[PDB]
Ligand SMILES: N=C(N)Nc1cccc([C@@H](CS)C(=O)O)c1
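Before any questions on how it binds or moves, here is one chain, the form solved without the named molecule, in structure tokens.
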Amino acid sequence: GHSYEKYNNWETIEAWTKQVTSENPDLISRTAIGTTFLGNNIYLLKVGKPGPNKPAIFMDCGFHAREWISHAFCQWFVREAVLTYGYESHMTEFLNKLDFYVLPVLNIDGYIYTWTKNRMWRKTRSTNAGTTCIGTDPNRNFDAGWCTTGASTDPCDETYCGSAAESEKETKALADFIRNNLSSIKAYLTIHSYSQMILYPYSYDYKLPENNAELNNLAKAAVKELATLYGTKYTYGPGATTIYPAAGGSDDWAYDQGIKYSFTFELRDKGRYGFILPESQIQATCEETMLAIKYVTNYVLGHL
């Protein structure tokens, strides 16, 4: 059975996407935007009060298989939205005014692999020509200074950038969706772990985005907001200097498409547990993250 305070396997998350949608048709619609290398369905949930020509915020979880708290967050967010609509003023206005396209798990094949074989797997599970080595790092597979820095051209490496930008069925599916909905998408949020950071472009180069000051101000306020709940401290800034230069990331790509508000969230913790964050921290991690996501949404809405 599905639980919002436990990490759920794919079979369970999939059944949940069906159930939550069927139980809240006036706030959620589910669609599949493609298939993974191994044939799993890439679901996308459109959360919001249906209406004509609504702007939207795109949010994904599960790019990297082992970052289990990421997958948990997308699920938590959906419940929060359906339960509080009509009661909490901010969420009510958010869902009335815009739609949140929530992609609960992008790298489903890798996620299944972490449950069945290797908990520390991070890449996709596609085969590579000329080698037994499996997988591509999806966050190094986008057309953003593709494979020019901080990425490997070797299939056996954990940071393999792929045979070409969008070589993976999963990243092509996401890029296609975003490209087909650019007019309505106002912000792009991608959830990962761990490190407790809010990063903005650019990661593939030390250059700064045109709206760098605004993004810094927004990230700074979002981390402040996040800390009000349990005291969790996040750092923030451009990817290249905050983490290190790494090309082919979805955040940089989305930004270069024209999406001015593009952020990568690195959830708890700082390394004590790393990727194996205990289930006992799911609730607090998700609750404080909600505050930052809602803060950003409120800002984006008032800046349309």
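The first residue of the sequence shown is number 1, and the count goes up from there.
FYI, the form deposited with the named molecule bound isn't displayed, but the following is about it.
Superimposing the C-alphas around the site, does the named molecule, as posed in the deposited bound form, end up open here or blocked, where blocked is 3 or more of its atoms within 2.4 Å of backbone or C-beta atoms?
Open, since after superposition no atom of the placed ligand lies within 2.4 Å of the backbone or C-beta atoms.
Could you tell me which stretch in 41-49, 239-247, 27-35, 54-62 has residues with non-hydrogen atoms within 4.5 Å of the named molecule in the deposited bound form?
Within 4.5 Å of the partner lies stretch 239-247.
Heavy atom within 4.5 Å of the named molecule in the deposited bound form - the one residue of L106, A72, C161, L199 that qualifies:
Result of the distance check: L199.
Contact flag, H192 vs the named molecule in the deposited bound form, heavy atom cut 4.5 Å
Although the named molecule is absent here, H192 would touch it in the deposited bound form, with heavy atoms inside 4.5 Å.
Check whether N139 has any heavy atom within 4.5 Å of a heavy atom of the named molecule in the deposited bound form, and answer yes or no.
Yes, contact at 4.5 Å.
So in the deposited bound form, does any heavy atom of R122 sit within 4.5 Å of the named molecule?
Yes, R122 sits close enough to the named molecule in the deposited bound form that at least one of its heavy atoms falls within 4.5 Å.
Heavy atoms within 4.5 Å of the named molecule in the deposited bound form: does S203 have any?
Answer yes; at least one heavy atom of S203 falls within 4.5 Å of the named molecule in the deposited bound form.
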